[PDB]
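The structure appears right after this line, and notes come after that.
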Amino acid sequence: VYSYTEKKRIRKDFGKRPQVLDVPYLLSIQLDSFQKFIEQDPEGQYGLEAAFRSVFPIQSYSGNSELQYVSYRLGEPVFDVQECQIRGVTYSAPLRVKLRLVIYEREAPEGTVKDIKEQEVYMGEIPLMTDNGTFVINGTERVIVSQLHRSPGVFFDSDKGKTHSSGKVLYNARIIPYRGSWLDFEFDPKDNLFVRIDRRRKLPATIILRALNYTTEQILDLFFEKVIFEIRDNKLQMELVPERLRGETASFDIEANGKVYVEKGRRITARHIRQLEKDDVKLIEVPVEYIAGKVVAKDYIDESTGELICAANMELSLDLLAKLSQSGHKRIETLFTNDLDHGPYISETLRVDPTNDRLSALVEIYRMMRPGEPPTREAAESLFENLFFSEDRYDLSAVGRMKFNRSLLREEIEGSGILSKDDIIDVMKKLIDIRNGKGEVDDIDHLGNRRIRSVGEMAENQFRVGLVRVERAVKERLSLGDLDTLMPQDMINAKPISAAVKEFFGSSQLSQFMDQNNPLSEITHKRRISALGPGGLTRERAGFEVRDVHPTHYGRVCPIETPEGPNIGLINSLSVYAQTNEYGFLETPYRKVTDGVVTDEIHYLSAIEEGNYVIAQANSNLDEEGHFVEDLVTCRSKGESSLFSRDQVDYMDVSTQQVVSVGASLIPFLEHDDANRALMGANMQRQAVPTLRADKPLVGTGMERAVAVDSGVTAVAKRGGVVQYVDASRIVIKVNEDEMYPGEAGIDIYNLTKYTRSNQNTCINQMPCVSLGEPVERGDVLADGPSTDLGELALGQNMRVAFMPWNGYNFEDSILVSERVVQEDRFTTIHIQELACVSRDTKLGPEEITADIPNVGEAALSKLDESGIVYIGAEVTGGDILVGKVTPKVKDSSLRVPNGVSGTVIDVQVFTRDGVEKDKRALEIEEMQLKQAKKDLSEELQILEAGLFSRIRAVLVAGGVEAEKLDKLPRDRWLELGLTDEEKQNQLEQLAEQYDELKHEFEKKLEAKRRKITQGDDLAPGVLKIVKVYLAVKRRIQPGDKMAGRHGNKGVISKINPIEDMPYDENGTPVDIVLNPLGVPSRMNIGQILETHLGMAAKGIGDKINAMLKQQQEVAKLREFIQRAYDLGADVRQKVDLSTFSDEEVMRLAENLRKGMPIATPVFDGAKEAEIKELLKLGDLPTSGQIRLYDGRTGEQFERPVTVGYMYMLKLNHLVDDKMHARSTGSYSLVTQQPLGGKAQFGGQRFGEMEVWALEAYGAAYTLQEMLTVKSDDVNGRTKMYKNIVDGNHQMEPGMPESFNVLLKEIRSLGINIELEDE
Amino acid sequence: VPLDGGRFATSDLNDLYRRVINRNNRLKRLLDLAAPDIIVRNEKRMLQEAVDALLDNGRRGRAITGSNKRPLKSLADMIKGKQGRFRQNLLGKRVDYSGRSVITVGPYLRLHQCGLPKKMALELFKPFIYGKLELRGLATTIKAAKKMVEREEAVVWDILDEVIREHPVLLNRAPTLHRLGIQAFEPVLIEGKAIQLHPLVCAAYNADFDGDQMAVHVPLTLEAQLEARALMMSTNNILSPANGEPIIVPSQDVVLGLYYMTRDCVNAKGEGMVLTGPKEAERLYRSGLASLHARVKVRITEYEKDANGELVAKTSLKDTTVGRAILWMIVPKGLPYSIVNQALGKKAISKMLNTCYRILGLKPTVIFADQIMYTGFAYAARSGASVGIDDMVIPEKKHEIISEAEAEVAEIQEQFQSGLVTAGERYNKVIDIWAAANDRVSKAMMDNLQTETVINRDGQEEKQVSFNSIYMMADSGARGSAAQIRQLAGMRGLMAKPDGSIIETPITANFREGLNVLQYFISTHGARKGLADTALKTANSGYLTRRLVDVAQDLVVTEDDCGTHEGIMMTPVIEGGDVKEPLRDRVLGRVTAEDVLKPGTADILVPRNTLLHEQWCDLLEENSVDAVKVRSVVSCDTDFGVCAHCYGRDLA
DNA sequence: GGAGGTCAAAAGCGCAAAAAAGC
RNA sequence: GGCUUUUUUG
DNA sequence: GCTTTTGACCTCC
Ligand SMILES: [Mg+2]
Ligand SMILES: [Zn+2]
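As you go down the protein sequences, you meet chains S and G in turn.
Taking the working numbering, the leading residue of the first sequence gets 1, the next gets one more, and so forth.
Taking the working numbering, the leading residue of the second sequence gets 1320, the next gets one more, and so forth.
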């Protein structure tokens, strides 16, 4: 079964893998993000509500007054999208917020309210997203790309010893908050722990430890293990367990209860550990020499003397042992300090602590944060507190806290936005464990540590910054308390927030100018992920690791589609099925596998979870019951790819297409292409130019329909029905009975854009693709946009190509193209240019626009009206005049055609400031626009009044008035008629008054439209009025253009060749492109040969259908053929039966297939060569796909048969007339007197420094001396050069470059004296 | 400078000067009333800050920023750096009489000329046209001449053609890596809007026809014109300065044409007959009466310069093919016939061309190169060599071989299950097994592809070198190598992780057939690395060149002889295996520091202060001298220069 | 007492193009 | 005509 | 951020 739109031309496709999940809405990453930013969230966790709850309520310093938030809404936009685009105003919505002002008595208990005041407050204009996920700022369309940055949390990284000579590995731990100051813990080559904040001077770590009110004893308790000693008779015995014997050497014979357990002198052994644990002995004596290396854990003082016998973190000797024995200190606490297991890391840092009382510690912190300042204790305490524990100045966000807890093996994932002592302690402990071999470092490039930030988050961040500024302002204002004099609106000033949001949307790193010259470009532009921008890497700062592709990129970002050159691997594009998680992590679909059966259940898996399961392959051969046909299948588990049994699998890929982006997925036969050539093929396919008339690609992928429909370039039926009136500019759709609303059903109208400039000077055009009086359903395609054909993406044309060297005209990469291509206008494009003339008010008289021009012949005024603006349709050329603007001196400042560009004027737009008289030309355009708008509105009026009067006649027939008498009477007389039945009379007068209601609201919308059109346009200050002119040019292909295929075989047209010279086969049909075979093997993009072969069969089926149509053979035998073509193939998923099709549908489909049957091919489930041969056999074509050809010039048969087929060719956006220019003598720069640069400025080229070296390498000195002095800047001498040339004498004058004198003065502008010398 | 509207454009210099002068005025006014010292200290200090910012912004600390929030330019900022005065407006500066365009191949041009669009030529030579119009009297005032130029009158094109007969122009392509990046040409007027270029020199520019753009400059004076003609003309640049190797080597399409010309078939139409000469042989091929390549006997005549610079004729019969006889016409007199009797791949043909330059000077060798290019293009076009899907012959054994390899690993993994092998042992074992399987498959594929059977004259199968299109385009060296042919038919081979580890499971599929999803994925690890390295190597490498130029830009040869005996000994470099560089090339083209002494004691093989060349080097080879001490530039004694003999022989 | 070790600051990091905006 | 920001090609 | 280099302060012998 099919809807009626695709029944017009069913595109046959190969492919053996059934679809489980169809392609989602391609734009869901963008649009669904912004919906989180303006919808009302009762929970207060998303967008504006969450932003408001984080600043409000605000209380005065005295606390007698506060301001509270109530609710908000977004007002209706003043204009729609089209009016904003034409007028150059930002499509935006006003912001309404209900604020509450509460006053407290200072003489009453707290909470006693003096008065309350409720009032909505204007807060500014918020830009609003259009229907296609774009933004409109100043008549243009800008789209916000999605950033990709380091996930807030904590990471452990190792530098691999590169920075040190010995290569010893150093470990560091970093905590990256969502907003606030960082924190770094590092190990030095001396193996001591240090802490630093915000990349400042490195500081000993223990400084922070005591800053949290920790004594030395507490630190040693937290970071080490205790060893206890008891004073027995002349002995210091200790309790020993086997577990604490790892990696130790028995200095003496380990024995207890009089039995020797361990040998003496050598290292410990596991067998001795086993026998000791079997004995289960705890206490053991130790000699004195073994205690010579241990460190006391705690402090010891004498009760009698009261003096410190020995403090903690201090080595002990036999004399200290004597004091502790004579003082009664029986129990001695020491540190375990096993270097191979528990290194003395913290103790050594303790040994280098400058102070211990935490006062000088806070002083040191405060000095380090800001050098050269008085160290006030309270100031230092406040600095530390608001540095790492203030709720406003530091915030870790929900996702950061979740990552922090997950990394530290905690369980609860909900917490505060500020840190805690325990969290820092835990991070330190895990860093020590990492140093001890336990655990493993994290990976930066892993997609589990990087998140996707959309437009919503960025808008929220800008809004919060603005809100902080305005709340500081209102707090300052409220500090000067007043006895309820003000209303809760004066203190709130919307200018800061409005300016902040506007500047972020307008001028920023990521707000980019959308390049919409074909639907694929703008789709793949909306779906871009960038690692640049605020809070990310720069173009140079990135190393060789971020650029490279990581094994967790499977299914989430396209590995083969990315810009090439200065930033590669930083602008990777999102995949097809991938969608962002709730936290902001990329995740992909998968199918659950239970008991070797693959169900249709779909689970979305993020990066981290992908590391725990076993994932099968997309094209894993499968039975009819979900059982894997082998017991051995290919799978991937953790970045590896290995065989597995049928029972260890858990998930399988949804479809074979889920690895590449859209741009790569549009490339047929991708599975036979090198990665480099596929990359360049996609990147060039993104840059096609719309053709004058579009043609379907014969060999596509099959998702062109999805790409075209998803992008907003083709009008789509909102409600199904039957088409009523069709026009080259408007379409009228009457809705069906079921789909109409209960009231005011009416009809639906679509207005089509015709020849409006794009953002790269190409033409946006729409042509209806439906006829009069045929049904349409919901979601069909009614009007094809640019480069679209029946709702199918169509970038370029399809040309009859042959691979053979031809007298060198296609020597290296060039293409030789026959004249029959340019005769049929298959590549001539339309380019539209824009010119603007401004009228300001300067001195010496303002800028006036009129037809009065001095010192000009009547030729320059023939193409001008009496109002001073060119007529619509004049064939203007270079150097002519468009808008006559003069300034009294009269100064001829009128706008002129830029040199070298011709065209035909198609539209003129005039903008006038409010309160300014409009000239007659603006009056004409205004009245014409009003007339067209009233024509439209009166058309809807006629339809609606006809409907309501049909209702009225239905009422009146039942009322008693005869139908014939009704019909004879005039239209408006039906209301005044009398009806005997009261309710029928009541219904008649009621309809006459909703007649009145309808006409009156039509009248008020009339007056509103008339006022808006007459309403003065908002302009820049100091500007009176501006005028704009549009120019239309048709470009044809000429030697030097850039044409390219889809697989990366670009090139340049060499020579347009007369048709009689091209090679031709036995049938006499020439080939109109002659490519070059030598570029296939080395480039190794063998996909193009297979595509050529497949296309050659596509026209083979097309020609036969053409033969039957010419002979007008019966539908029965025709219907027989078409069905046989579709059934061809092995286990093809698509099955089409033409029995259900009626004869008319079959005939229309056949005549629509006349130019060749489209053949589709999924990206990685392509058609093999066997069915290609089979399809070729269906026609009368040779199976090998190599026919003979005859030379056009000689008529001699080519010795070896060559390849002929149909290849899809795009014309790139690189035209010669946009790049070829030359200069003899033009303008000159004002400062250095060197000629200008750039084609638009008519300047010469740059004799580069490398060119100077190369010209120095020759003996050529005179030419270099020319380049330096005469042709560049010797203003005194270069004039003499011109005069000499005209006289015939070829000689120069050296002179001295003027640019050197400037520098002289400039050096003299400092205190340096530099001067020349004598001759 | 004023823009549209009442606003004015102001530079950073004006703002800083205004600030400093205003502060000076304020302090000088405040000092007159003798304010308390606390006031004057701050004013003087912050005036110091203002002057500091004036002379150099951002050196001391926080920099002065404007409305753009970015630091303002200062005097020190306007001298240093790429945007400063020196590197942007003194060492390189924009010029007049220049233009830009897109490159396009032209086969019909000769070696010493290039195309030019009409509009570019007219715009460039407009100053020259004005003078010539005055001389012929077509217009008297310069205004009149300018008027008739823009109308494109019929006389304008005639006078332009007359004035551009021998006016050389310069062609360069940024970046100009080596000195061959700028070459002179003699323009010829063509239609269209693209610049036409000769194919042979495209290798020197490293320029391909995929949208690369050229710039043209025009010399003015007689000194400049003669300088260009005698130094930078194309015909004077055939040996690269880096090394003696030629720079006009034919490539790609021409090579395939020559290869297809000279290759016999075991049987063909018109095989086994006798032909009078090459002139007659061309008559047979065009008439279709004999195949382009079939072994015959032809009378040929070759000349030798073996006498005292004189050519002597000789005549006999040689057993060759029709195509070789056709090719023999364009070879000049001196060369022997054996040089044009082999398969004539890429490596051979250049060699042959080089021999001409060794014997026939310059004019014959350039004419011969041009004739080679013409004939190659013509007979490659008439050949019709095309690539199809069936040309990729997939070896039959390949499939089963993979099975065997599988069985091998099926055992090795078991050894890990039993614990008898470690991770490293298994890894190395599977790596070796897969590498051996790859080598076997590649060898089998090449052996199957490179030969084919065709019936001879007596009706028996005979093996000849195959005429498959891919093999022809690979063996001739026209384009590609055995690695790519491996990539098409046999397995792709082992692929690497980003860090450097080798994946244990190789890609068993080839490009002719399909690649399942994960194989294509793991194949992109290497390609992204290659693209990233290629993109980021051009930034580092080019910069390095700069540092080399500024160090060595003071070196010019100034004196003939320095008169020192000091030098460095030269020996063939050896690591213990084969010689990496023999003694021949290292010492070639230098001067002997001391006389070369024979292994026989007290015999003078080579006199002191004698340049070495082919006539002296072969003498060393026959005599088998071990090592020689040669004079070198590092030891020359002349100050502020380099001895002429010390530098040795100019390689150009 | 000083010669050695270790930490802190400045300077650089292709070239051509084009296209736009904005200041 | 200077600077800033991107995008793209080589 | 890379990397180098150079200067300046600490300090171990
Ligand atoms: Mg190129
Ligand atoms: Zn010398």
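Backbone N, C-alpha and C fix where the C-beta goes; we use that ideal spot for every residue, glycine too.
Spatial distance of residue i from residue j (CA atoms)
i	j	result
residue 1200 of chain S	residue 1583 of chain G	16 Å
residue 1651 of chain G	residue 1077 of chain S	32 Å
residue 951 of chain S	residue 998 of chain S	15 Å
residue 1045 of chain S	residue 1256 of chain S	42 Å
residue 1180 of chain S	residue 1068 of chain S	16 Å
residue 1670 of chain G	residue 1567 of chain G	11 Å
residue 1054 of chain S	residue 690 of chain S	22 Å
residue 982 of chain S	residue 989 of chain S	10 Å
residue 639 of chain S	residue 1843 of chain G	14 Å
residue 85 of chain S	residue 1210 of chain S	30 Å
residue 1563 of chain G	residue 1769 of chain G	35 Å
residue 1996 of chain G	residue 673 of chain S	Coverage of chain G is limited to positions 1320 through 1971, which leaves residue 1996 of chain G absent and any answer about it impossible.
residue 1918 of chain G	residue 1779 of chain G	60 Å
residue 1402 of chain S	residue 615 of chain S	Residue 1402 of chain S lies beyond the stretch modelled for chain S, which goes from 1 to 1319, so this question has no answer here.
Among the options, nearest to residue i - alpha-carbon criterion
i	options	result
residue 1520 of chain G	G:1580, G:1689 and G:1811	G:1689
residue 1954 of chain G	G:1970, G:1917, G:1885 and G:1381	G:1885
residue 1004 of chain S	S:1043, S:963 and S:937	S:937
residue 1512 of chain G	G:1518, G:1803 and G:1533	G:1533
Assumed close pair residue i, residue j - CB separation to whole angstroms, cut-off 8 Å
i	j	result
residue 1405 of chain S	residue 1851 of chain G	This structure gives no information on residue 1405 of chain S, because the portion of chain S shown stretches from 1 to 1319.
residue 1816 of chain G	residue 1888 of chain G	Not really, about 47 Å apart at Cβ, beyond 8 Å.
residue 30 of chain S	residue 510 of chain S	No, residue 30 of chain S and residue 510 of chain S are not in contact; Cβ-Cβ is about 13 Å, not under 8 Å.
residue 1073 of chain S	residue 817 of chain S	6 Å
First and last residue of the uninterrupted alpha helix (DSSP H) at residue i
i	result
residue 1683 of chain G	1682 to 1702
Start-to-end residues for the beta strand (DSSP E) that takes in residue i
i	result
residue 73 of chain S	65 to 74
residue 1909 of chain G	Segment: none, residue 1909 of chain G is in no beta strand (DSSP E) and carries neither H nor E.
Any beta strand (DSSP E) of 3 or more consecutive residues that is wholly inside the segment 745 to 806 of chain S: Qualifying beta strand (DSSP E) stretches, in chain order: 747 to 751, 754 to 757, 763 to 765, 781 to 784 and 797 to 803.
Secondary structure, alpha helix (DSSP H): runs of 4+ residues fully inside the segment 1440 to 1498 of chain G: 1445 to 1455, 1461 to 1469 and 1473 to 1482
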